[PDB]
């Protein structure tokens, strides 16, 4: 969800005005359906599954 | 002489009364402990209680609020007086009393004490000069708005001819205590930043946990270190957090501290960082040109600082704006109905001339009483001209 | 709070004072420097006159007898009997105008009938006015009564 | 009303704007309502002298 | 427990952004205290509807309430509409000495304020003192003795 | 106006049954025509700013104020205010055995504001002189700052 | 005619000018009506022959 769709995390301050902080993969990893394979999650032991 | 009596005569909005009660303001430096404030409240009370028994009935005094805000250095008195028939004289009316009080308090060192009468009614404090506000119109911060407001505060208290008592209304950049959690020492020592910040916040600032029940009524449960561990900056070292392994680190390890500076009553007006400004015109001058002078002194200020009038300066009030326009179209309506009753155009002028003969003895009463042209007066004036109208109207309607 | 390898018990009171205290400890009031709490009471835009001020004494008459030993009110602040000797000393003035004019009348219309004529003519024309005042929303304030005086 | 208010808030903003920042007004159901009513005064006048 | 700025960014700023399309308004005054308080006042035309002007804000106050700290709506936000001038102040004094001031404050806060405040037209009651509250005053020497934090 | 809140009574008869994710953003409730009134465009003339800058300058200096003016029932911005953008790389996230979660959490961790009481606050030990606020972890303000997160 | 255009108008201030214009034009009409209702009548039944 965060990778492909972004995520609003918390807010920051930008010259005495509060604004957002979003987090989201570079566009070089979400254009193609093959790019799902490039993503790794850390399994309970320690190893990372794609 | 009518017109001249009319412009030599000053202009109130509504007379203050002796409303039976009045108040007193107490403001210390900061940080200033609560106890010090209490010392000065004891003083102030000792006055209204020893040096005024014949007039005072009750002083209700409160360490903890002000008409600016809460603070340990905020203090206020609620004074009620013995009945009017029981203090006969001017010596014993609000004016003289709050006067000699303010004059007497004047004394106290490092304690700003001033006592005042309640300005007439409700939140109709829309008199007494002005209320000016600087506006951070760019990205400037608190520093540059401090300094810019100082440039103003400065350059205007060097014009004591149509502008005086020019101070900020707020509270003042008291020093603060910075704590710095170098995060890496916290991960390396195995301590939850959550745990750190939690314990710091609860220890030194309290924490509402959940609610309990106290004789069939629900109330709070707070949690907070004994006062013997939060008076001194050294006491941060006495606090331990349980590291991930099991060992307990003191803050001494992963924190670094130091003193700094910054406001305790940050202000905004209409979105942006603002600071609000106070004071009057100057004993021969009106609020209007005073305002202009402020608008002009403001002009010479750094790029990005704007200004705005709120409060009593938004509105602007009464006689001198468009109230003689009211007297005027009222007069036009009158000469109209008189051209209706006489069916002339001249003949009503025999009743128009009847007017100055009344404003003359009105205005006379005014300046010769120390009094001054206000709402009460102006309705007296209206009534005047209306009655004289009646008189003349009847004589000439008789004659024709 | 925790039990030990010792088998020892650690209780809350073992690491803290427990005590019925206050949510906040920054408000300390006194009345003639005797300690004393109270209520400071505000008014909601569009209110409602000596109404609300009577209502206070409602809710409170309702409270005075379940109060503990030696708990007694005082009233250190009152924009109330101001609004009460304000309006009173207007009735007074109306009255005064009436008899003063009764006697200025008597000094020219030297008979108790011609004199009693503009007498009756005065309350009527007042009284009525209040009826018209209700009829447009204006209440018997200080200003209204000064209207009735001028 | 509201259309004047816009030019209120904005007259209030025009001078703290950065270098080379300038408005334009690509849309305006305003001076329509302004030559509408004007060309009515005109007609009233005309009826009168005719 | 908050500092001015902490509050100012975290709360004040974050309501202010979300205050709009509230009718007939003139301006928005915004204080932010080192006692961890904030306060925001909106002003409307003279003669304007107190009540609609009253919620219209709080439509918006809860267009943001889930963007405030847990810690802040655990306490809870209030929304008044009221004069700043009091009306009266009623003080409570015990006469024998049988109760301190904190007791008195509590007895009122738990028997008197609720009821008075519940009466119409009474737009804010400010208590001079504080209702009770269970107070757990922790000791650090003894917390660490048993390897415990807050 | 009544038709306006009457909905939002109900909108918050359900708001806690919507995602965290959805009232983190926040729900809005307008009452307004769909036809615009005017559209005011902002263009830089030298080229000194892109469109994203322009959009931001307005979103942070112009929209708030215009929108705060009565009768203005919805402002739709043509662009978007700024926002700190952390564009993650997956090759490098897995290189260090990291997912997104760890980024998310290092951020809630290191970009925040905490509230941490005072020095010599109430209640105090009698005989104290000093009374100041404590300041702690305070929000971030620069890109670099976000860069150097641990 | 003297009292009415004082109910006009502006501010926090003019509120008060309403509080008299009305309160006194009222007594006007009441007085002058009485003046042709009650006064002439009671100045007929109660005056003593000259």
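Return the only residue of B:283, B:302 being within 30 Å of residue A:16 (Cα to Cα) and in a loop (DSSP other than H, G, I, E, B). Explain how you work it out, then say what you get.
Values: B:283 fails: within 30 Å of residue A:16 (Cα to Cα).
Among B:283, B:302, only B:302 is within 30 Å of residue A:16 (Cα to Cα) and in a loop (DSSP other than H, G, I, E, B).
Mind checking which pairs have a first residue in the range F:1-26 that is within 10 Å of chain E (Cβ to nearest Cβ) and a second that is loosely packed, with under 11 Cβ neighbours inside 10 Å and not in a helix (DSSP H, G or I), Cβ under 9 Å, 6 or more apart or different chains?
That search, which allows pairs on different chains as well, returns F:4/F:30.
Those residues that are outside any loop (DSSP other than H, G, I, E, B), in contact (Cβ under 8 Å) with a residue 60 or more places away in the chain and closer than 30 Å to residue E:76 by Cβ, I need them from the range B:258-274; list them, please. First the steps, then the outcome.
We begin by selecting, within the range B:258-274, every residue outside any loop (DSSP other than H, G, I, E, B); these are B:258-261, B:265-269, B:272-274.
From what is left, the residues that are in contact (Cβ under 8 Å) with a residue 60 or more places away in the chain are B:258-261, B:265-267, B:269, B:272-274.
Matches in the range B:258-274: B:265, B:266, B:267, B:269, B:272, B:273, B:274.
Within the range B:116-133, is there a residue that is under 30 Å from residue F:138 (Cβ atoms), surrounded by 18 or more Cβ atoms within 10 Å (Cβ to Cβ) and touching a residue at least 60 places away in the same chain (Cβ under 8 Å)?
We begin by selecting, within the range B:116-133, every residue under 30 Å from residue F:138 (Cβ atoms); these are B:133.
After this cut, where a residue has to be surrounded by 18 or more Cβ atoms within 10 Å (Cβ to Cβ) as well, the list is B:133.
Next, from what is left, pick out any that are touching a residue at least 60 places away in the same chain (Cβ under 8 Å): B:133.
Looking for residues that are under 30 Å from residue F:138 (Cβ atoms), surrounded by 18 or more Cβ atoms within 10 Å (Cβ to Cβ) and touching a residue at least 60 places away in the same chain (Cβ under 8 Å), one finds at least one in the range B:116-133, hence yes.
So for the range E:19-27 (the condition being touching a strand residue (DSSP E or B) at 6+ places or on another chain (Cβ under 7 Å), under 26 Å from residue F:74 (Cα atoms) and in contact (Cβ under 8 Å) with a residue 40 or more places away in the chain), does at least one residue qualify?
yes
Looking for whichever is touching a helix residue (DSSP H, G or I) at 6+ places or on another chain (Cβ under 9 Å), farther than 26 Å from residue B:291 by Cβ and within 12 Å of another protein chain (Cβ to nearest Cβ) here; the options are B:347, B:385. Which one fits?
Details: B:347 fails: within 12 Å of another protein chain (Cβ to nearest Cβ).
Result of the check over B:347, B:385: B:385.
Could you count how many residues in the range F:27-47 are under 25 Å from residue F:66 (Cα atoms), facing another protein chain (nearest Cβ under 9 Å) and assigned to a loop (DSSP other than H, G, I, E, B)?
Taking the range F:27-47 first, the residues under 25 Å from residue F:66 (Cα atoms) are F:27-45.
Subsequent filtering for residues that are facing another protein chain (nearest Cβ under 9 Å) retains F:27-32, F:35-45.
From what's left, assigned to a loop (DSSP other than H, G, I, E, B): F:27-32, F:35-37, F:45.
Of the residues in that region, 10 qualify.
Inside the range B:305-315, can you point out the residues that are out of contact with any strand residue (DSSP E or B) (no Cβ under 8 Å at 6 or more places or on another chain) and either in a strand (DSSP E or B) or facing chain G (nearest Cβ under 8 Å) (or both)? Quick ask: steps written out before the conclusion?
Residues of the range B:305-315 out of contact with any strand residue (DSSP E or B) (no Cβ under 8 Å at 6 or more places or on another chain): B:311-312, B:315.
Across the range B:305-315, the qualifying residue is only B:315.
Can you pull out every residue in the range E:43-63 that is within 13 Å of chain B (Cβ to nearest Cβ) and in contact with a helix residue (DSSP H, G or I) (Cβ under 6 Å, 6 or more places away or on another chain)? Lay out the reasoning, then the answer.
Of the range E:43-63, the ones within 13 Å of chain B (Cβ to nearest Cβ) are E:43-46.
Of everything in the range E:43-63, just one residue is within 13 Å of chain B (Cβ to nearest Cβ) and in contact with a helix residue (DSSP H, G or I) (Cβ under 6 Å, 6 or more places away or on another chain), namely E:44.
Kindly list, by first and then second residue, each pair from a residue in the range G:6-19 that is within 11 Å of chain C (Cβ to nearest Cβ) to a residue that is outside any helix (DSSP H, G or I) and surrounded by fewer than 17 Cβ atoms within 10 Å (Cβ to Cβ), limited to pairs with Cβ atoms under 6 Å and residues at least 6 apart or on different chains.
G:18/G:7
Quick one: in the range C:112-122, which of the residues that are free of Cβ contacts under 8 Å to residues at least 12 places away in the same chain and either part of a helix (DSSP H, G or I) or in contact with a helix residue (DSSP H, G or I) (Cβ under 6 Å, 6 or more places away or on another chain) (or both) is surrounded by the most Cβ atoms within 10 Å (Cβ to Cβ)? It would help to see each step written out before you state the result.
Initial filter on the range C:112-122 (free of Cβ contacts under 8 Å to residues at least 12 places away in the same chain): C:112-114, C:116-117, C:120-121.
Filter again for either part of a helix (DSSP H, G or I) or in contact with a helix residue (DSSP H, G or I) (Cβ under 6 Å, 6 or more places away or on another chain) (or both), leaving C:117, C:120-121.
On the way: C:117: 18, C:120: 14, C:121: 16.
It comes out as C:117.
Of these, E:70, E:74, which one is under 18 Å from the mean Cα position of the chain (by Cα), surrounded by fewer than 18 Cβ atoms within 10 Å (Cβ to Cβ), more than 7 Å from every other protein chain (Cβ to nearest Cβ) and free of Cβ contacts under 8 Å to residues at least 24 places away in the same chain?
Numbers: E:74 fails: more than 7 Å from every other protein chain (Cβ to nearest Cβ).
Going through E:70, E:74 in turn, just one is under 18 Å from the mean Cα position of the chain (by Cα), surrounded by fewer than 18 Cβ atoms within 10 Å (Cβ to Cβ), more than 7 Å from every other protein chain (Cβ to nearest Cβ) and free of Cβ contacts under 8 Å to residues at least 24 places away in the same chain: E:70.
Of all strands (runs of 3 or more DSSP E) completely enclosed by the range B:161-257, which ones contain at least 2 residues that are more than 11 Å from chain E (Cβ to nearest Cβ) and either touching a residue at least 12 places away in the same chain (Cβ under 8 Å) or surrounded by 14 or more Cβ atoms within 10 Å (Cβ to Cβ) (or both)? Reasoning before the result, please.
Values: elements: B:175-181, B:207-213, B:218-225, B:240-242, B:248-250.
Strands (runs of 3 or more DSSP E) meeting the threshold: B:175-181.
Counting only residues that are within 21 Å of residue E:92 (Cα to Cα) and touching a residue at least 40 places away in the same chain (Cβ under 8 Å), how many does the range B:45-73 have?
Of the residues in the range B:45-73, 2 are within 21 Å of residue E:92 (Cα to Cα) and touching a residue at least 40 places away in the same chain (Cβ under 8 Å).
Suppose we filter C:26, C:6, C:51 for residues that are under 26 Å from residue F:125 (Cβ atoms) and not in a strand (DSSP E or B); which single one remains? Steps first, please.
Details: C:6 fails: under 26 Å from residue F:125 (Cβ atoms); C:51 fails: under 26 Å from residue F:125 (Cβ atoms).
Being under 26 Å from residue F:125 (Cβ atoms) and not in a strand (DSSP E or B) holds for just one of C:26, C:6, C:51, which is C:26.
Is there a residue being assigned to a helix (DSSP H, G or I) and more than 7 Å from chain B (Cβ to nearest Cβ) anywhere in the range F:119-129?
If we filter the range F:119-129 for residues that are assigned to a helix (DSSP H, G or I), which is where we start, we get none.
The answer is no, given that none of the residues of the range F:119-129 is assigned to a helix (DSSP H, G or I) and more than 7 Å from chain B (Cβ to nearest Cβ).
Residues that are crowded, with 18+ Cβ neighbours inside 10 Å: which helices (runs of 4 or more DSSP H) entirely in the range B:328-400 hold 3 or more of them? It would help to see each step written out before you state the result.
Numbers: elements: B:349-352, B:356-367, B:375-399.
By residue number, B:356-367, B:375-399.
Hey, can you tell me all the residues within the range F:116-144 that are within 23 Å of residue E:69 (Cβ to Cβ) and without any contact (Cβ under 8 Å) to a residue 12 or more places away in the chain?
Of everything in the range F:116-144, those that are within 23 Å of residue E:69 (Cβ to Cβ) and without any contact (Cβ under 8 Å) to a residue 12 or more places away in the chain turn out to be F:121, F:122, F:141.
Only one residue in C:94, C:109, C:43 is in contact with a helix residue (DSSP H, G or I) (Cβ under 9 Å, 6 or more places away or on another chain), over 30 Å from residue B:45 (Cα atoms) and in a loop (DSSP other than H, G, I, E, B). Which one? Reasoning before the result, please.
Details: C:94 fails: in a loop (DSSP other than H, G, I, E, B); C:43 fails: over 30 Å from residue B:45 (Cα atoms).
Being in contact with a helix residue (DSSP H, G or I) (Cβ under 9 Å, 6 or more places away or on another chain), over 30 Å from residue B:45 (Cα atoms) and in a loop (DSSP other than H, G, I, E, B) holds for just one of C:94, C:109, C:43, which is C:109.
Check residue B:295 against each of (1) surrounded by 18 or more Cβ atoms within 10 Å (Cβ to Cβ); (2) within 30 Å of residue E:42 (Cβ to Cβ); (3) in contact with a strand residue (DSSP E or B) (Cβ under 8 Å, 6 or more places away or on another chain) and name the one condition it does not meet.
All conditions are met except number (1).
Just checking, does the range B:276-284 include any residue being surrounded by fewer than 18 Cβ atoms within 10 Å (Cβ to Cβ) and over 30 Å from residue E:42 (Cα atoms)?
Within the range B:276-284, one or more residues are surrounded by fewer than 18 Cβ atoms within 10 Å (Cβ to Cβ) and over 30 Å from residue E:42 (Cα atoms).
If I go through the range F:49-79 residue by residue, how many of them are exposed (fewer than 12 other Cβ atoms within 10 Å of the Cβ) and either closer than 20 Å to residue B:140 by Cα or within 9 Å of chain D (Cβ to nearest Cβ) (or both)?
Summing the residues that are exposed (fewer than 12 other Cβ atoms within 10 Å of the Cβ) and either closer than 20 Å to residue B:140 by Cα or within 9 Å of chain D (Cβ to nearest Cβ) (or both) in the range F:49-79 gives 0.
All Cβ positions, even for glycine, are placed from backbone atoms using ideal geometry, and neighbour counts span all protein chains on display. Quick note: the coordinates plus some simple rules give every number you see, no bench work behind them.
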